[PDB]
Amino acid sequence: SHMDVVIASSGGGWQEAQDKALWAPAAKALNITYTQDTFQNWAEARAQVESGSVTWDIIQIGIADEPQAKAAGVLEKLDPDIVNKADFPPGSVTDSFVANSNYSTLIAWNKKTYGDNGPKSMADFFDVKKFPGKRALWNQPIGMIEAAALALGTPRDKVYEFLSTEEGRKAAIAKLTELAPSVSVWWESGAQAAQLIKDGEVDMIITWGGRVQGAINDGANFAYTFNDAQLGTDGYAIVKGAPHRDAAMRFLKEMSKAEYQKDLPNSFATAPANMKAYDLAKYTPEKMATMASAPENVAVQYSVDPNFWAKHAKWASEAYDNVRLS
C-alpha cells in the first residue's frame, strides 16, 4: 500500500505493544513510513500470494505456522545476516522467520465461578464434572489438539510422541468432541478472548498469557496458571512477492535489535526473543514472573513442535473444524 511498508499482526494489546516498542521507533531510526494491518490466520497471506495481488510486506506469525507457510510458497527467504542467531533461542530464527517474542497458550479461569480452586491442569480444564461451566477455546488447532492430549493424561514431555500415531491423534480429537458441548465460544482473536475474560462471559478459557494478564490489569476477576501451558514463539516473515521487499528486510533487521526488544514488555505481558534485551532492560523479578520463557514458568510447560504441524496441520485443521461445528 502506497510507498509504505505494510506490517500485519493480530490486533489488540499485542499489536499496540509491537507498534510502540518496535515499529514506530525502528521506522523513525530508518526514516521510513509504514502502514499497519490486522489478520488472524497465515492462510490470508496465502490467499494474497495465490491471487497475485500482494499488499502485505511483513506478517507476524507463529513458529509452528512457518513450516506450513514456507512449504506453500508464502514466505520470502530472508537475507542471511538479518539477525545474529546466537542472540535468539535455538530454532527461533530460520531462513524465513525471525522471532520477536515467547508467549504461553495457557488456562485462565473465572474467580467468580471457582474462586482460587480453578482448573490447574488440562485434565481439570476437560473435567466438566469437577468444574462445571462454560469453556472457550481458539477456533484454530495449535495448542488445542495438544491440550486434549494432555487432558488424556499424556506427560508434558510426550505430547508429540503420543500425537505421532493415528490412534493418539484420533483420541485427542475424541477428547475435544467430548468437551465440545461445554464450549460456549470458539474465540477468534486475542482481543475477543480478553473481552470474554473482562466481561466474565466464560468460566474458563485456553488463550495467550499476555491477553489474560491485560484483561486482569483491566479489572477482570480471573486467575491463570502456566501449568500444562504451551510455550510458543511469535515472529516475523516477509510475504513472497512483497511490494516493498528490500525496505521490509531493512525494517525487520532494525526492529529485531535489542534496543527495541527491551521495550516490548513495557505495557504488554510478553517475553522478548532477543536474549540481549534482558541485559539492557534489567527486568524486576515481578516483571520476570509474568514471562512465558522465565525459568520458573518454563519448568511447568512444554514447547510447541513446528515439525508436528509441518506434517499434520491439514488433518488437524479439518478434524478441529468438524469439532467446532457442533
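Don't overthink the numbering: it's just position in the shown sequence, from 1.
- Averaged over Cα atoms, the B-factor as recorded in the entry is higher for 168 to 176 than for the other of 206 to 214 and 168 to 176.
- Comparing 24 to 32 with 289 to 297, the stretch with the higher mean C-alpha B-factor in the PDB entry is 24 to 32.
- In the deposited coordinates, the residue among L152, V183, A223, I142 with the greatest CA B-factor is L152.
- The residue among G133, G115, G235, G73 whose C-alpha carries the highest B-factor in the deposited model is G73.
- In the deposited entry, the Cα temperature factor of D95 sits in the middle third of values across the chain's modelled residues.
- Split the chain's modelled residues into thirds by C-alpha temperature factor. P89 is in the middle one.
- Ranked within its chain, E146 lands in the lowest third, by CA B factor from the PDB record.
- In the deposited entry, the Cα temperature factor of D127 places it in the middle third of its chain's modelled residues.
- In this PDB entry, the Cα temperature factor of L78 sits in the top third of its chain's modelled residues, the highest group.
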